[PDB]
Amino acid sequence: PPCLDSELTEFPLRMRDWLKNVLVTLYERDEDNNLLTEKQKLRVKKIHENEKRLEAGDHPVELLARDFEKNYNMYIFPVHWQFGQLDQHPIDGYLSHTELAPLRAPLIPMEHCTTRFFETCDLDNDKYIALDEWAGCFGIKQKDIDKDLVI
């Protein structure tokens, strides 16, 4: 199904919240780093223990927007971690259309908007998504982009 502009506007808010929450479940499911490496796990623990963390639930988009404003800091790692997970074939700091396939799966919220959203983040039109085009699209500030959280 086609992706309305009205839907496209919510996509990043929905996607960002989803990443934050999926990363939290991995932290809980992990047994002896079978799911997260020690470094990644330690970063997620801080998010999981945060008293102000917005729990998963059905939240109107304006509440999601407010939490990103107030708790911007807990979204930095989730956004980077996801890029690192997809950049694999080959690992080069860019995401091709093929590497984006997992985000086009039925269980992704608004997955019919994925391709249209990414065309939007591709500022230089090379059909690949660089880390900075990725982070920027998800609202991460320029000063917070850090290739080291992608490892």
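Numbering starts at 1 and follows the sequence shown.
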property: Of 82-90 and 102-110, the one with larger mean CA B-factor; result: 102-110
property: Mean C-alpha B-factor comparison - 136-144 and 13-21, higher one; result: 136-144
property: Residue of maximum C-alpha B factor among 42, 95, 54, 36, per deposited coordinates; result: 42
property: Third of the chain's Cα B-factor distribution that residue 29 belongs to, per the entry; result: lowest
property: Residue 4 - Cα temperature factor, lowest/middle/highest third of chain; result: middle
